[PDB]
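Written out below as C-alpha cells is the structure these notes cover.
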Ligand SMILES: *[C@@H]1O[C@H](CO)[C@@H](O[C@@H]2O[C@H](CO)[C@@H](O[C@@H]3O[C@H](CO)[C@@H](O)[C@H](O)[C@@H]3O)[C@H](O)[C@H]2NC(C)=O)[C@H](O)[C@H]1NC(C)=O
Ligand SMILES: *[C@@H]1O[C@H](CO)[C@@H](O[C@@H]2O[C@H](CO)[C@@H](O[C@@H]3O[C@H](CO)[C@@H](O)[C@H](O)[C@@H]3O)[C@H](O)[C@H]2NC(C)=O)[C@H](O)[C@H]1NC(C)=O
Ligand SMILES: *[C@@H]1O[C@H](CO)[C@@H](O[C@@H]2O[C@H](CO)[C@@H](O[C@@H]3O[C@H](CO)[C@@H](O)[C@H](O)[C@@H]3O)[C@H](O)[C@H]2NC(C)=O)[C@H](O)[C@H]1NC(C)=O
Ligand SMILES: *[C@@H]1O[C@H](CO)[C@@H](O[C@@H]2O[C@H](CO)[C@@H](O[C@@H]3O[C@H](CO)[C@@H](O)[C@H](O)[C@@H]3O)[C@H](O)[C@H]2NC(C)=O)[C@H](O)[C@H]1NC(C)=O
Ligand SMILES: *[C@@H]1O[C@H](CO)[C@@H](O[C@@H]2O[C@H](CO)[C@@H](O)[C@H](O)[C@H]2NC(C)=O)[C@H](O)[C@H]1NC(C)=O
Ligand SMILES: *[C@@H]1O[C@H](CO)[C@@H](O[C@@H]2O[C@H](CO)[C@@H](O)[C@H](O)[C@H]2NC(C)=O)[C@H](O)[C@H]1NC(C)=O
Ligand SMILES: *[C@@H]1O[C@H](CO)[C@@H](O[C@@H]2O[C@H](CO)[C@@H](O)[C@H](O)[C@H]2NC(C)=O)[C@H](O)[C@H]1NC(C)=O
Ligand SMILES: *[C@@H]1O[C@H](CO)[C@@H](O[C@@H]2O[C@H](CO)[C@@H](O)[C@H](O)[C@H]2NC(C)=O)[C@H](O)[C@H]1NC(C)=O
Ligand SMILES: *[C@@H]1O[C@H](CO)[C@@H](O[C@@H]2O[C@H](CO)[C@@H](O)[C@H](O)[C@H]2NC(C)=O)[C@H](O)[C@H]1NC(C)=O
Ligand SMILES: *[C@@H]1O[C@H](CO)[C@@H](O)[C@H](O)[C@H]1NC(C)=O
Ligand SMILES: *[C@@H]1O[C@H](CO)[C@@H](O)[C@H](O)[C@H]1NC(C)=O
Ligand SMILES: *[C@@H]1O[C@H](CO)[C@@H](O)[C@H](O)[C@H]1NC(C)=O
Ligand SMILES: *[C@@H]1O[C@H](CO)[C@@H](O)[C@H](O)[C@H]1NC(C)=O
Ligand SMILES: *[C@@H]1O[C@H](CO)[C@@H](O)[C@H](O)[C@H]1NC(C)=O
Ligand SMILES: *[C@@H]1O[C@H](CO)[C@@H](O)[C@H](O)[C@H]1NC(C)=O
Ligand SMILES: *[C@@H]1O[C@H](CO)[C@@H](O)[C@H](O)[C@H]1NC(C)=O
Ligand SMILES: *[C@@H]1O[C@H](CO)[C@@H](O)[C@H](O)[C@H]1NC(C)=O
C-alpha cells in the first residue's frame with residue numbers, strides 16, 4: 004500500500020489543527036492506522052492509533068486535546084489537535100500496524116511526512132521578516148534565527 | 004393497441020390547454036408516442052413526440068409554448084399548450100411511431116380525435132348566440148357564421 | 014482467463030483442441046441461431062447481478078435549483094452544464110446540508126432562478142454504479158456441456174447463410190468482448206480478404222444490412238476538461254459522488270478519425286456494395302435519421318463516461334461509377350441502457366481527463382429503398398437493437414446435439 | 031415523487047379497515063402489527 | 031407507526047457504544063460505516 | 014419547404030384520378046381523411062401499400078415529384094389527401110391537401126337572394142352543386158368586413174352558403190351589388 008498525507012503548513016496558535024492521510028491500493032481490514040510526530044527538540048513521539056470499528060487509543064501525555072477519526076467511504080483517516088501551542092512544530096507521519104501483538108510490532112508503510120509550522124506572529128519588515136525571508140546582496144549569507152516572539156533575524160558581512 | 008383522448012371541448016383564449024391520450028392493451032417499450040393536429044385552414048400539421056425516457060422533440064414552429072409529458076404508472080401521456088390564441092381551433096389526434104429510422108416511418112394506431120374549439124366571446128342573445136344555437140320555426144334553416152370577434156349569426160327566410 | 018463478473022465463472026482451459034472435419038457440408042444460419050439470445054439474456058441478468066451491491070440513491074431528487082455555470086466557457090455548447098444547488102439528508106437523520114452539484118442539460122428538466130428536477134424520477138429512481146466496479150470489457154469464451162458439440166465455420170467467402178464446405182469443431186469459442194456500440198462496431202474481430210456484406214434479404218430495406226471491415230480505422234475520442242469528484246453523504250454509509258468545480262476552461266469532447274484511411278475504407282465498402290445492386294448505381298451516404306438519442310448518435314463507453322457523437326462528418330459523400338475529421342461527441346450521465354421500463358443508471362464522474370483509443374471493425378447500415386429498378390441507393394447508419402451488435406461475432410458458430418445410436422444392415426447373426 | 035412536497039388526497043374506506051385513536055382522527059388497522067403489500 | 035408524529039424516548043447505552051460528536055451531544059459509534067441489524 | 018399540391022381535383026365516377034405532390038427529395042407517404050372519422054395510411058412508401066387496402070390505390074415517383082393513381086372513383090373515395098415526407102430540421106412536414114370529389118348529380122345553377130335591413134346587409138346563396146363557389150361584392154368593390162360561409166350539405170343534398178357585411182348607417186353609396194361565381198356562371202342581383 005501507499006500512504007499520502009495532506010494538510011495546511013501554517014496554522015495559528017491556539018487554533019484547531021487538521022490533517023488527512025489517505026490510503027491507496029489496499030483496505031482497512033485488520034490494521035492499526037497510527038499517527039507519528041518527529042520533533043527536533045524532543046525526538047520521535049507517538050500520537051495514537053485507530054482501528055476500523057471506531058475504537059481509538061491515544062498517548063497519555065496528549066490526552067484531552069487529541070481526536071482521531073476514520074472514514075472508510077473516502078478511504079482515509081484524519082487527525083485533529085486542539086489548543087496548539089508554539090512548541091508543537093514538527094513533521095507528522097501516518098503509519099500502519101498489523102493486528103495482534105503490539106509488543107513486537109514495528110511501524111511500517113510510512114508516508115512522506117508533512118512539515119507543520121506553528122506561529123503567533125505577524126507581518127513586519129526587517130530593520131537593518133516573518134512572511135518572506137529577505138535576501139541581501141552587495142559577502143556571505145547566514146541562516147535565519149527564530150526568536151521567542153516568533154520573528155526572524157539574520158546577519159551578513161563581507 | 005387502442006388509444007383514446009380526454010379533455011375539454013371549450014378553452015378560453017390566452018389560457019393553458021390540456022389533453023390526455025391513454026394507451027390500452029400494450030406497453031410503452033420502444034415506441035414514439037406523438038400528437039397531431041388537423042386544422043381546416045392550415046391542413047394536417049405535426050405537434051411533437053415523446054419517448055418513454057422523457058426525450059422530447061417538438062416542432063420548431065411551435066417551440067416554447069408546447070409541453071408533452073409521459074407517465075408510465077397510469078399508462079397515459081399528456082399534452083400542454085400555453086398562450087392559445089383563437090387560430091388554434093382544430094381536432095387533435097394522438098398516434099404512435101416505431102423506434103428506429105423515421106425516414107420511412109408512418110403514423111399508425113390513430114385515435115378518434117377530440118375537437119377543441121377556442122373562443123374569446125361572451126353570452127348574448129340574437130337580435131332578430133355563443134352558448135346555445137337558437138332554433139327559429141315559422142321556410143329554410145341555414146348554417147351559422149363565425150365572426151372575427153367569436154360571435155354567431157344566421158339567416159332564415161320562407 | 015468489473016461488471017462482467019468472472020468470479021462466478023469457471024476458468025477456461027489452455028490450448029483448446031480443434032479438429033478439422035473434412036467431408037462435411039453444414040447449413041449454417043447466423044440470423045436464426047439461439048446462442049445470441051442466450052448471450053443477450055446472460056448479459057442482461059449478469060448486469061443486473063452486478064448492479065445489486067451498490068448505492069440505491071432513491072432519496073436524491075429533491076427539487077433542484079440550477080443556474081447557468083458560465084465562468085470562462087467557450088462559444089459553443091453554451092448553457093450545457095448547470096450549477097444545481099439542492100439540499101439533502103445527512104448521516105444523522107435529524108439534520109440537512111445545502112450542497113451544490115454540476116449536471117448536464119440532458120439530465121434535468123424544468124418543472125413549471127427556475128426549479129429543476131432530474132429526468133429519471135418521474136418513472137423510477139436510478140441506481141448508482143459504485144466506483145470499485147469498472148466497465149471495461151474482458152473476453153468471455155462460450156463452451157458446450159456434455160453431449161453437445163460446437164461447430165465453427167471456416168469458409169473464407171461466407172455471407173452467413175447457406176451451406177459451408179469446410180467445417181471444424183471446437184470446445185471453446187474465441188475471445189468475445191461484449192462491446193457497447195450503436196452505429197460503429199468497436200474492437201471487434203476483423204475479416205480476412207475483403208469487406209463482407211451480411212443481411213437477411215438484400216432486396217428488402219426493413220432488415221439491417223451489416224458490413225465488416227478488412228483493416229481497422231483508428232478513432233480517438235477524448236474529453237478535455239479537468240473535472241473533479243466530491244463525496245456527499247446521504248445516509249449512514251451511502252455516498253453520492255457529485256461533480257465538483259472544474260479546473261481550467263470548459264471544452265466539448267472531441268472525436269478524431271483519419272480522413273484518407275476512412276475514404277479508402279468507404280471506397281472498399283462501395284466497391285463491395287455494388288455487386289448486389291448493379292455496376293451503374295449511384296451510392297450515397299447520408300447521416301442518421303433516428304428519433305431518440307441512441308439511434309441518432311454513435312454511443313459507447315470510455316471507462317466510466319458515456320459518449321454520444323454527431324458522426325455527420327463521416328457519412329456524407331456520394332460515389333459515381335494528415336487532416337483528421339473531428340466529431341462533437343457529447344456526454345450524458347443518466348443511462349437507460351437495455352431499454353427496460355423503470356430501471357436506469359447514475360454513472361459517477363471520472364476524476365481527471367479521460368482518453369480512449371479504439372478502432373472500428375463493423376458498421377450497421379440501413380438501406381433507404383425508394384423504388385424498384387432505380388439508379389440511386391442511399392445508406393444511413395442505425396441500430397439500437399443490441400442483438401445485431403453481437404450477431405457479427407457469433408456468425409461462425411452453431412450448436413448441435415450428438416445422437417450416438419445407429420442401426421445398419423449386415424450379414425451377421427447373434428448366437 | 032418529490033421528497034420535499036406533499037399533497038392532499040381523499041379516498042373511501044370501509045369501516046372494518048379503520049380504527050379510532052385518541053372523533054375525526056383515524057388510522058389503518060394494519061399499522062401496529064405489520065405493513066401491507068398491495069397486490070399489483 | 032403513524033409516520034408524521036414523533037416521540038421522546040429514553041434508553042441506557044454503554045460507554046463503549048457512543049462517541050462524543052462535540053448535556054453533551056452524542057451519536058452511536060457505528061453510524062459512519064453502516065447501519066446495524068438488530069438480533070431478533 | 015412547402016410540398017405543393019393541387020387544391021382540388023374533380024373527376025367523373027368510373028375513371029382515374031391523379032394527384033401530384035411536388036418538391037419531395039425523400040420518400041413520400043400518403044394519408045387520407047374523412048369528416049368525423051380517424052385518418053388512415055394508404056400508401057406508406059413510394060410504391061408499396063399496407064395490408065387491408067383495396068386494389069385501386071397505387072403510387073409512383075419520378076425524380077422529385079410523386080404521383081398517386083386511382084383506378085376507380087366511387088362515393089367512398091370522396092376524401093382529402095395529404096402527402097408526407099421527412100426533413101432534418103422539422104421532423105415531419107405535410108402538404109396542403111387535395112380534395113377529390115365525384116359527380117353523383119349533374120351541374121345545376123345557384124340561386125341568390127338579397128335583403129335590406131331596418132344594420133347588417135345579407136347575401137344568401139343557395140342550392141348549387143358542386144361546392145366550388147367564390148363570392149364578390151360591389152358598391153367600387155369592397156375588401157372590408159366580408160365573411161363567407163363554408164359550403165355544407167342540407168336535406169336537399171345540394172350545397173349552400175351565405176355572405177355577410179356590416180355597414181355603418183353610408184346608406185353615400187347609391188348602389189350595392191352582390192356577385193357569385195360558380196365554375197364560370199355569374200349571377201348579379203342588387204338598393205336604396
Ligand atoms: C425479399 O424481399 C423481396 C422484396 O424486396 C420479396 O419479393 C416479393 O415478394 C412479395 C410477396 O410474395 C411479392 O408480392 C406479390 O407480387 C405479386 C404482384 O406483384 C402478387 O403475386 C401478389 O399480390 C404479391 O403482392 C413481390 O412481387 C416480390 N418482389 C418484389 C420485387 O417486391 C421476397 O419474397 C423476399 N425474400 C424472402 C426470402 O423473404
Ligand atoms: C444531418 O445533416 C443535416 C445537413 O447537414 C443537418 O441538418 C441541419 O441541422 C441543423 C441543426 O442545427 C440546422 O441548423 C438550424 O437551422 C435553422 C436555419 O433556418 C435555424 O433554426 C438555426 O439557426 C440552425 O442553423 C440546419 O438548417 C439543417 N440543415 C438543413 C439543410 O436542413 C442535420 O441536423 C443532420 N442530422 C442529424 C440527425 O445529425
Ligand atoms: C477498445 O480497446 C482498447 C484497447 O486499448 C481500449 O482502450 C483501453 O481502455 C481501458 C479502459 O478504459 C484503459 O484502461 C484505463 O487506463 C488508465 C491507465 O491505466 C486508467 O484510467 C484506468 O485505470 C484504466 O486502466 C486503457 O488504457 C485503454 N488502452 C489504451 C491503449 O488507450 C478501449 O477502451 C476499447 N474501446 C471500447 C471498449 O469501446
Ligand atoms: C452535426 O454536425 C453538423 C455538421 O454539418 C451540424 O450542422 C451544422 O451546424 C451548424 C452549427 O449549429 C449550423 O450553423 C452554421 O454554423 C456556422 C457558424 O458556426 C456557419 O456556417 C453558419 O452561419 C451557420 O450558423 C449549420 O447550418 C449546420 N449545417 C451545415 C451543413 O453545416 C449539426 O448541427 C450537428 N448536429 C448535432 C445534433 O450536433
Ligand atoms: C455554483 O454555485 C455555488 C453557490 O451556490 C458556488 O459556490 C460559491 O462560489 C463562490 C465563488 O468562488 C464562493 O465565494 C462561495 O463561498 C461558494 N459557496 C459554496 C457554498 O461553496 C460555486 O462556485 C458555483 N460553481 C461554479 C460557478 O462552477
Ligand atoms: C433546503 O432548501 C430550500 C430551498 O431549496 C430552503 O428553503 C428556504 O426556506 C427559507 C425559510 O426556511 C426561505 O426564506 C428561503 O427563501 C428558501 N429558499 C429558497 C431558495 O427558496 C430550505 O430551508 C433548505 N433547508 C431545509 C432544512 O429544508
Ligand atoms: C483531434 O484533432 C484536432 C485537429 O487536429 C486536434 O485539435 C488540435 O489540438 C492541438 C493539440 O491539443 C491544439 O494545439 C490545436 O489548437 C487543436 N486545433 C484546433 C482546435 O483547431 C485535437 O487535439 C485532436 N484530438 C485528439 C488527438 O484527441
Ligand atoms: C490517435 O492517437 C494515436 C496515439 O496518440 C495517434 O498515433 C500516433 O500518431 C503519430 C502521428 O505522427 C505517430 O507519430 C505516433 O507514433 C502514433 N502513436 C501510436 C501509439 O501509434 C494517432 O495518429 C491518432 N489518430 C488520428 C489522429 O487519427
Ligand atoms: C393493534 O391495535 C388494535 C386496534 O387497537 C388492537 O386490537 C384491539 O386491542 C384491544 C386491546 O385492549 C382489544 O380490547 C380489542 O378487542 C382489539 N380489537 C381487535 C379488533 O382486535 C390490537 O391488539 C393491537 N395489537 C398489538 C398492540 O399488538
Ligand atoms: C441562462 O441560460 C438560458 C438558456 O440558454 C438563457 O435563456 C438565460 O438568459 C441564461 N442566463 C444568463 C444570466 O446568462
Ligand atoms: C478564464 O481563464 C483565465 C486564464 O486562466 C483566468 O485568468 C480567468 O479568471 C478565467 N475567467 C475569465 C472570465 O477570463
Ligand atoms: C449467400 O451466398 C449464397 C451462395 O451464393 C447464396 O445462395 C445466398 O442466397 C446468399 N445469401 C444472401 C443473403 O445474399
Ligand atoms: C485494434 O483493436 C485491438 C483491440 O484489442 C487492438 O489490440 C489492436 O492493436 C488494434 N489494431 C489492429 C488489429 O490492427
Ligand atoms: C487537473 O487538476 C489537478 C488539480 O489541480 C492537477 O493536478 C492535474 O494536473 C490537472 N490535469 C490536467 C490534465 O491538467
Ligand atoms: C459488373 O462488373 C463486374 C466486375 O468487372 C463484372 O464481373 C460483371 O459482369 C459486371 N456486371 C454487369 C451486369 O455489367
Ligand atoms: C456534406 O456534403 C455536402 C454535399 O453533399 C457538402 O456541401 C457539405 O459541406 C458536407 N458537410 C459536411 C459537414 O461535411
Ligand atoms: C426532537 O428533539 C429535540 C431536541 O431534544 C426537541 O426539541 C424536539 O421536540 C424533538 N421532537 C420532535 C421534533 O418531535
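Protein chains in written order, with our numbering: chain Z, 4 to 161; chain H, 4 to 161; chain G, 14 to 428; chain A, 31 to 70; chain W, 31 to 70; chain Y, 14 to 205.
Heads up, the beta-carbon is just placed ideally off N, CA and C, and yes, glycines get one too.
Query - Helix, strand or coil at residue 162 of chain G [DSSP, three-state] - result: Position 149 of the third chain, counting from 1, holds the residue named residue 162 of chain G. It is a strand residue.
Requested in this report: Report yes if the C-beta distance between residue 243 of chain G and residue 140 of chain G is below 8 Å; otherwise report no.
Outcome: Here residue 243 of chain G refers to the residue found at position 230 of the third chain. Here residue 140 of chain G refers to the residue found at position 127 of the third chain. Going by beta carbons, residue 243 of chain G and residue 140 of chain G fall outside the 8 Å limit.
Report task. Could you tell me whether the Cβ atoms of residue 99 of chain H and residue 37 of chain H are closer together than 8 Å? Result -> For the purposes of this step, residue 99 of chain H is taken as the residue at position 96 of the second chain. For the purposes of this step, residue 37 of chain H is taken as the residue at position 34 of the second chain. Result yes, Cβ atoms of residue 99 of chain H and residue 37 of chain H sit closer than 8 Å.
Query raised in the report: For the alpha helix (DSSP H) that residue 51 of chain Z lies in, which residues bound it at each end?
Result: Working through the first chain from its first residue, we reach residue 51 of chain Z at position 48. Segment 46-53 is the beta strand (DSSP E) holding residue 51 of chain Z; no alpha helix (DSSP H) there.
Query raised in the report: Cβ of residue 36 of chain W within 7 Å of any heavy atom in ligand 17?
Result: If you number the fifth chain from 1, residue 36 of chain W lands on position 6. The closest heavy atom of ligand 17 lies less than 7 Å from the beta carbon of residue 36 of chain W.
Query raised in the report: So residue 146 of chain Y and residue 200 of chain Y are in contact, right, with Cβ under 8 Å, and what is the actual spacing, rounded?
Result: Within the sixth chain, numbered from 1, the residue matching residue 146 of chain Y stands at position 133. Within the sixth chain, numbered from 1, the residue matching residue 200 of chain Y stands at position 187. A Cβ-Cβ distance of about 11 Å is found for the pair residue 146 of chain Y and residue 200 of chain Y, leaving them out of contact under the 8 Å criterion.
Report task. Taking the CB atoms as reference points, tell me whether residue 79 of chain G and residue 155 of chain G lie closer together than 8 Å. Result -> Counting from 1 along the third chain, the entry for residue 79 of chain G is found at position 66. Counting from 1 along the third chain, the entry for residue 155 of chain G is found at position 142. Not closer than 8 Å, so no.
Query raised in the report: In terms of residues, what are the limits of the alpha helix (DSSP H) holding residue 286 of chain G?
Result: As a position in the third chain, residue 286 of chain G is number 273, starting the count at 1. Taken as a continuous stretch (DSSP letters only), the alpha helix (DSSP H) holding residue 286 of chain G covers 272-286.
**Report entry** beta strand (DSSP E) runs wholly inside the segment 30-85 of chain G, at least 3 long, in chain order
**Finding:** Counting only runs of 3+ residues, the beta strand (DSSP E) found wholly inside the segment 30-85 of chain G occupies 31-33, 39-42, 77-81, in chain order.
Query raised in the report: Hey, how far is the Cα of residue 170 of chain Y from the Cα of residue 96 of chain H?
Result: Along the sixth chain, one-based indexing puts residue 170 of chain Y at 157. Along the second chain, one-based indexing puts residue 96 of chain H at 93. Each residue's alpha carbon lies about 29 Å from the other.
Report task. In the DSSP assignment, find the unbroken beta strand (DSSP E) run with residue 121 of chain Z in it and report its ends. Result -> Against the first chain, residue 121 of chain Z aligns to sequence position 118. First-last of the beta strand (DSSP E) with residue 121 of chain Z: 117-122.
**Report entry** 4 or more residues per run - each alpha helix (DSSP H) lying fully within the segment 275-361 of chain G
**Finding:** 306-309
Report task. Give me the Cα-Cα distance between residue 40 of chain W and residue 58 of chain A, rounded to the nearest whole angstrom. Result -> Residue 40 of chain W sits at position 10 when you count from the first residue of the fifth chain. Residue 58 of chain A sits at position 28 when you count from the first residue of the fourth chain. C-alpha separation (whole angstroms): 27 Å.
Query raised in the report: CB of residue 269 of chain G to nearest heavy atom of ligand 4: below 7 Å?
Result: What you label residue 269 of chain G is simply residue 256 of the third chain in a count that begins at 1. Checking every heavy atom of ligand 4 against the Cβ of residue 269 of chain G, none is found closer than 7 Å.
Requested in this report: May I ask whether a heavy atom of ligand 15 can be found less than 7 Å away from the beta carbon of residue 444 of chain G?
Outcome: Since the first residue of chain G shown is 14 and the last is 428, residue 444 of chain G is not available in this structure.
Report task. Could you name each continuous beta strand (DSSP E) segment of 3 residues or more that falls completely within the segment 71-145 of chain Y, going from the start of the chain to the end? Result -> 78-83, 93-99, 105-107, 111-115, 124-128, 133-141
Query raised in the report: At what residues does the beta strand (DSSP E) containing residue 57 of chain W begin and finish?
Result: What you label residue 57 of chain W is simply residue 27 of the fifth chain in a count that begins at 1. Here the beta strand (DSSP E) through residue 57 of chain W covers 56-58.
Requested in this report: Examine chain G for any beta-carbon lying closer than 8 Å to the beta-carbon of residue 57 of chain A, and answer yes or no.
Outcome: Position 27 of the fourth chain holds residue 57 of chain A. No, residue 57 of chain A does not count as interfacial toward chain G.
Query raised in the report: If you draw a straight line from the C-alpha of residue 54 of chain Y to the C-alpha of residue 217 of chain G, how long is it?
Result: Locating residue 54 of chain Y in the sixth chain gives position 41, where the first residue counts as 1. Locating residue 217 of chain G in the third chain gives position 204, where the first residue counts as 1. Taking the straight line joining both Cα atoms gives about 21 Å.
Query - Residues that residue 157 of chain Z bridges to, as DSSP identifies them - result: The residue given as residue 157 of chain Z occupies position 154 in the first chain. None; residue 157 of chain Z has no bridge partner.
Query raised in the report: Where does residue 63 of chain H fall in DSSP's three states?
Result: On the second chain, position 60 is the one that residue 63 of chain H refers to. Three-state result, residue 63 of chain H: helix.
Requested in this report: Could you check the C-alpha separation between residue 51 of chain H and residue 77 of chain H for me, to the nearest Å?
Outcome: Here residue 51 of chain H corresponds to residue number 48 of the second chain, with the count starting at 1. Here residue 77 of chain H corresponds to residue number 74 of the second chain, with the count starting at 1. Their Cα atoms are separated by approximately 21 Å.
Query raised in the report: Residues of chain Y with a CB under 9 Å from the CB of residue 383 of chain G: which are they?
Result: Residue numbering aside, residue 383 of chain G sits at position 370 when the third chain is read from its first letter. Neighbours of residue 383 of chain G on chain Y, chain order: 39, 40, 58, 59, 60, 74.
Query raised in the report: Who are the neighbours of residue 45 of chain A on chain G, taking C-beta pairs under 9 Å?
Result: Along the fourth chain, one-based indexing puts residue 45 of chain A at 15. What residue 45 of chain A touches in chain G: nothing, since even the nearest Cβ is about 35 Å away.
Requested in this report: Quick one: residues with CB closer than 6 Å to any heavy atom of ligand 5, in chain order, please.
Outcome: G:82, G:84, G:96, G:98, G:113, G:258
Report task. Please go through the same chain and pick out, in chain order, the residues whose beta-carbon is closer than 7 Å to the beta-carbon of residue 356 of chain G, but skip the five residues on each side of it. Result -> Position 343 of the third chain, counted from the first residue, corresponds to residue 356 of chain G. Same-chain partners within the cutoff: 137.
Query - Below-8 Å beta-carbon distance, residue 76 of chain G vs any chain A residue - result: Taking the third chain and counting its residues from 1, the one referred to as residue 76 of chain G is at position 63. Closer than 8 Å: yes.
Query raised in the report: Name the residues in the segment 301-331 of chain G whose C-beta lies less than 9 Å from a C-beta of chain Y; which are they?
Result: Result list: 302, 304.
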